[PDB]
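Have a look at the structure below, then the notes.
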Amino acid sequence: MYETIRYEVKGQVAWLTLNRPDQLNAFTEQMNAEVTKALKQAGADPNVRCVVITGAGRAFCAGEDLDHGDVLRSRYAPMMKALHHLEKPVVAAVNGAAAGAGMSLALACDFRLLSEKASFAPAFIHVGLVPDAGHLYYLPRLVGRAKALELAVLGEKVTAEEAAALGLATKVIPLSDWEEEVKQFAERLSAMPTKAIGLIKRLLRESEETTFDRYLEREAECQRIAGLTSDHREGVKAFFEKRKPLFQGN
Amino acid sequence: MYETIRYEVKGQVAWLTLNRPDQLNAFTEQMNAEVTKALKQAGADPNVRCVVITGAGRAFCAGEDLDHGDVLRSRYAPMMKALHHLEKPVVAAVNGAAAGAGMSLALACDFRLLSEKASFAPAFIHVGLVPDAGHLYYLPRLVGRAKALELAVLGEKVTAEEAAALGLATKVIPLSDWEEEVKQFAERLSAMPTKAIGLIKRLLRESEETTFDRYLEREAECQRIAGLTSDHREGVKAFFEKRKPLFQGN
Amino acid sequence: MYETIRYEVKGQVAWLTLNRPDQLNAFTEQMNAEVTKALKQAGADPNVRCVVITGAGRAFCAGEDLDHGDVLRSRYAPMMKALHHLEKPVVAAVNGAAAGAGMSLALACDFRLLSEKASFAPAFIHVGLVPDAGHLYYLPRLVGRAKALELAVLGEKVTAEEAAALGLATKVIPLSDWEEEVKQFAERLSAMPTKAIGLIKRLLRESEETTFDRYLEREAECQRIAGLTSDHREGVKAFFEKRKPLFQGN
């Protein structure tokens, strides 16, 4: 099987659990490699309509287990590129501490559900390093330049509620409610028109990399595709029937 | 005349009213075409110093009246390009429901005045489609990536006050106050240095598409232009006279 | 010496004080030139680990002392490029009114500490001009498109607490506390791993100008550099010693 993570499809959600609980799920070469493979697996599997990444144990992910360039390009780049190109929704279920590259991973996901005991630690600066695995590409796109610099430079840990105030949490979930609310959010996404969700992620990528004029040409192509989909014709037949749509993801 | 919209200059404001009230001002081929023409008209008219877009009836615009690519490139692209290149200020006076491409249109305007009964519905996903007519180009530039994805993916309707909290409303206006506050806001803009306002819109476009170094060269050119303007010399003569400036828009 | 500014290194912080108090520290050709030189000086000095820019007297900077293009390209462009390429942290200690290009200068800094009596005045529009010296490049990257347009177009002055609400202040400092809190914030930064801070500023620049794929290659190169640094090996030796790290900035 996988050795540093757990990959389990339950219903139509792939549960990707980071699994080195004694080391707070800190990344190693094979965790990096397994996460990459699992993300590509989830992307290729027609039965997978949502992905959840969460940590085993008390923490979400403490980042690198403690040439830095080579570490990044050989281990982290393939993983972050797989995540970045994955066209299924991905929820970071941040069950506890996310620090370093663990914070990076959470920022790269589409939704972040923070348990009431979770926290984000942009800890790189305290060992004289820079935020990495994509951190400074994502962070200002979520919080603007000033807050991203403050986080990266001052390195101060943020609580779940402080993360929510910053715009870094989709929601904060009480501990007793954790397992059920996470599952319901993931199942709720896994029931939506998955192909339209992938195309909107594609378009959000286009939005950050292209000009307005070219963007509209990309958009029109995405909509020709969504429009041909079975889910679209279910959505229209259910609207024009005062009925609840049943979507399949194609 | 125009048949699906009303275009009326009152004072120095062009009132562009979307006018298919029985279908909640939903777009058709000729509404798309008329809005395009009217925006270009307003842009070319030296007497027009502000534009207001609003909906007749209860709603602002319910979006497409219900090949998707061809629909977008042939109808919506010319309209959104006309809006995007228009260098006069444009206020979306969102009098009621804005859904689908109606929400898109509102996001593309410079200011959004929401009546207390208005709402934004990113409804595309519920029929298995993607937000379009520029939606995902504008939205993350207003609310950041995470909130834009949440809106696009979960598709949940937002109230006027929730839109204001998200940074999607310039202000929320009580119903009894609606007609007067909208007119005063538009007249207030129509009295400002319209040529400087067009150049700042030009520069905001440059800001999103160019690098810092090139940006400064674009800025210097815009300021040479604003500096030659009659409005600039009125502004300086009124400052150095403890007086209220009277601007003409050139 | 310098004539329109004061440049003084105290400890490891360069205090760059704008110094035309009778004209509210408004820029002239030689203030522009001196600030440029001083920023490059601070950047080249291994003993300087933080920069503070503040105004002498009651105001921070009222902007241009009252061909606009030539003014910008010959005076302001070199100054803003020096600031933009400076890889040491720069705090704008906004002691009072920042208006016009004075507001521009504050937005270009990494942190903005506002005294309780400071204010930001995007005043350009009231003389028929556009916000300049980089204003519209920085501003939407801090507050999003809508608020940047509202500020630029309506030109309404904002209080310290309103700036904090907008995301334009790192913090608001009471008047009695001003001198000490500013010094402690600057000294606190001057003690951090300055080379990692410069590399994160480099990466924030890369983040706004490059694509995701290229960004990761830039990041890996920055981290190879931070990783070789003496500060990094101090940070690791102090973590693995339950000890407070002592950083030198190399």
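Protein chains in written order, with our numbering: chain A, 4 to 253; chain B, 4 to 253; chain C, 4 to 253.
Quick reminder that beta carbons are idealized off the backbone N, C-alpha and C, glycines included.
| query | result |
| --- | --- |
| Relative to the C-alpha of B/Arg191, which candidate in B/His138, B/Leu21, B/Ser77 and B/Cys53 has its C-alpha closest? | B/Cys53 |
| Inspect the beta-carbon positions of C/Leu249 and A/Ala80 and report whether they are closer than 8 Å. | no |
| Quick check: the region 126 to 143 of chain C against the region 91 to 101 of chain C, are at least 3 beta-carbon pairs closer than 8 Å? | no |
| Please confirm if C/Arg148 has its CB atom under 8 Å from at least one CB of chain A. | no |
| Going along the region 219 to 240 of chain C in order, which residues come within less than 9 Å of chain A, judged by CB to CB distance? | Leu219, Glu220, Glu222, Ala223, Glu224, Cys225, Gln226, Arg227, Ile228, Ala229, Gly230, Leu231, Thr232, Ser233, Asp234, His235, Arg236, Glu237, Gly238 and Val239 |
| Of all the CB atoms in chain A, is at least one closer than 8 Å to the CB of C/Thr173? | yes |
| In this structure, how does DSSP classify B/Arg227 when only helix, strand and coil are distinguished? | helix |
| Do the region 178 to 185 of chain C and the region 163 to 170 of chain C touch if we need at least three Cβ pairs shorter than 8 Å? | no |
| Is DSSP giving B/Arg115 helix, strand or coil here? | strand |
| Under the assumption that A/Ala59 contacts A/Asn35 (Cβ atoms under 8 Å), give the Cβ distance between them as a whole number of angstroms. | About 17 Å separates the two Cβ atoms, so there is no contact after all. |
| Identify each residue in the region 140 to 166 of chain C for which the Cβ-Cβ distance to at least one residue of chain A is less than 8 Å, and report them in chain order. | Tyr141, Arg144, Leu145, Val146 and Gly147 |
| Return the CA-CA distance between A/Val185 and B/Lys160, expressed in angstroms with no decimal places. | 22 Å |
| When you compare the CB of A/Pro125 with every CB in chain C, is at least one pair closer than 8 Å? | no |
| Can you give the Cα-Cα distance for C/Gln44 and C/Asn50, rounded to whole angstroms? | 11 Å |
| Closer than 8 Å, CB to CB, is A/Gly131 near chain C or not? | yes |
| Along the alpha helix (DSSP H) that carries C/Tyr140, what are the first and last residues, could you check? | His138 to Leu157 |
| Just to confirm, is the Cβ distance from A/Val133 to C/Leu206 under 8 Å? | yes |
| Could you give the first and the last residue of the continuous beta strand (DSSP E) run that contains B/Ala17? | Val16 to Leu21 |
| Helix or strand or just coil, what does DSSP make of C/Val51? | coil |
| Can you find a C-beta in chain C that's less than 8 Å from the C-beta of B/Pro134? | no |
| Quick one: give me the first and last residue of the alpha helix (DSSP H) that A/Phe188 is part of. | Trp181 to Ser193 |
| Hey, is the region 196 to 212 of chain C in contact with the region 64 to 75 of chain C, meaning 3+ C-beta pairs nearer than 8 Å? | no |
| Cβ of C/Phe215 within 7 Å of any heavy atom in the ligand NAP? | This structure simply doesn't include the ligand NAP, nor any ligand for that matter. |
| Measure the alpha-carbon distance for A/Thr31 versus C/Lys91 and round it to whole angstroms. | 32 Å |
| Can you look up C/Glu67 in the DSSP assignment and give me helix, strand or coil? | strand |
| Within 8 Å of any Cβ in chain B, is that where the Cβ of C/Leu108 sits? | no |
| Looking at the structure shown, is B/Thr173 part of a helix, part of a strand, or coil, going by DSSP? | coil |
| Can you check whether the CB of B/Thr173 is closer than 8 Å to the CB of B/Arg115? | yes |
| Do B/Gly46 and B/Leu89 have their beta-carbon atoms positioned less than 8 Å apart in this structure? | yes |
| State the Cα-Cα distance for the pair B/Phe127 and A/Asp25, rounded to the nearest angstrom. | 44 Å |
| Quick one: Cα of B/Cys225 to Cα of C/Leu139, how far? | 12 Å |
| Do you know how far the Cα of B/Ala229 is from the Cα of A/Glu244? | 56 Å |
| Return no unless some Cβ of chain C is closer than 8 Å to the Cβ of A/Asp68. | no |
| With distances taken between CB atoms, is the gap from B/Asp135 to A/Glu209 smaller than 8 Å? | no |
| Counting only Cβ pairs nearer than 7 Å, list the residues of chain B close to A/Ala36. | Near A/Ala36 there are no residues of chain B at all, since even the closest Cβ is about 27 Å away, more than 7 Å. |
| Could you check whether the Cβ of A/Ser122 sits closer than 8 Å to any Cβ belonging to chain B? | no |
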